[PDB]
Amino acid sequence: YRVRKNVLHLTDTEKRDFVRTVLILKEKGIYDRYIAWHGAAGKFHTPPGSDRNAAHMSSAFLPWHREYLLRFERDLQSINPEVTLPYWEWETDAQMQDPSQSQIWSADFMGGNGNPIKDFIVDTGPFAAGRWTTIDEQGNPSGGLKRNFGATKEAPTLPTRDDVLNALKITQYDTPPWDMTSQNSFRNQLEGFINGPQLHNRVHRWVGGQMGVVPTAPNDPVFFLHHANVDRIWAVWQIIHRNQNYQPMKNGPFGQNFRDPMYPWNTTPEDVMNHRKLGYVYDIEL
């Protein structure tokens, strides 16, 4: 009974109220908690030595961010019980000749691309320099949100609808050894390591700026719209393959199994395995 809408379906009042709430959460000090949580989990390797971490590059990538978004939406509701977390359906923006012309980058919502005169500092929209302070990898101020759409040779474009459809065909949620090299794995496909960077990883590299590296990515509010779409694609996968379940169920690295606590919380993947039990739904499901 909580509907999360496509960004392009939002009214100008819904767009304004969401932007308003994020700014309030930022002013109170709640927003920075989520930046720090995401950076801390990126450093928590499972197990130490491997390149698996609690939030990425392993089987917990999807449930971790679902819990991440769940906690964020609850904090949104503390200020306004009418604001939900919209999702950025970037696979349809990619259909455009110039995806940077999408209304999600308008001055009334997320703001536009970075200014190459000012080292790609974003100077338009509610999160422009002077209105929205960022923190660096070390937790100290860094002086402004940056973006540089499609300025990389490994991610010049946004993922397509065909990329999403081909990932939904995968039968297994994940496969051993539950990491960057997992083949025939929906998790690793959606994450974007199969001929990477694609999908989730490509979207981060396409936006650039803080969004292009793990420890600083949540500095951009579009991080939450991005992962709201990733969580939707996962929820669609769970509906299609109704008789598949999370993997691994056991004997994976600690923090990756079905009932292990996900650092930095005690929440397990099972606790968030059914998003309707969490109290929200995506508009395409109705």
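One-based numbering along the sequence shown. Whichever C-alpha set is largest while still superposing within 1.5 Å between the two forms counts as the rigid core.
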Exercise. When the other structures are laid on this one by the rigid core, do the CA atoms of 63-71 or of 238-246 sit farther away in 5 other deposited structures of this protein?
Worked result: 238-246
Problem set entry | Stretch with the greater mean C-alpha B-factor as recorded in the entry, comparing 255-263 against 238-246 | 238-246
For this session: Can you let me know which of the two, 88-96 or 126-134, has the higher average C-alpha B-factor in the entry?
Result: 88-96
For this session: Pick out which of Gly144, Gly209, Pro197, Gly150 has the highest C-alpha B-factor in the PDB entry.
Result: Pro197
For this session: By the entry's C-alpha temperature factors, tell me which of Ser106, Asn188, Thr216, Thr171 sits highest.
Result: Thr171
Exercise. Of the three thirds of its chain by CA temperature factor, lowest, middle or highest, which one includes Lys28?
Worked result: highest
For this session: Select lowest, middle or highest to describe the third in which the CA B-factor of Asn113 falls within its chain in this entry.
Result: lowest
Seminar exercise, completed: Among the modelled residues of its chain, the C-alpha B-factor of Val19 falls in the third labelled middle
Problem set entry | Relative C-alpha B-factor of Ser182, binned into the chain's lowest, middle or highest third | lowest
For this session: Would you mind checking where the Cα B-factor of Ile79 ranks among the modelled residues of its chain, as the lowest, middle or highest third?
Result: highest
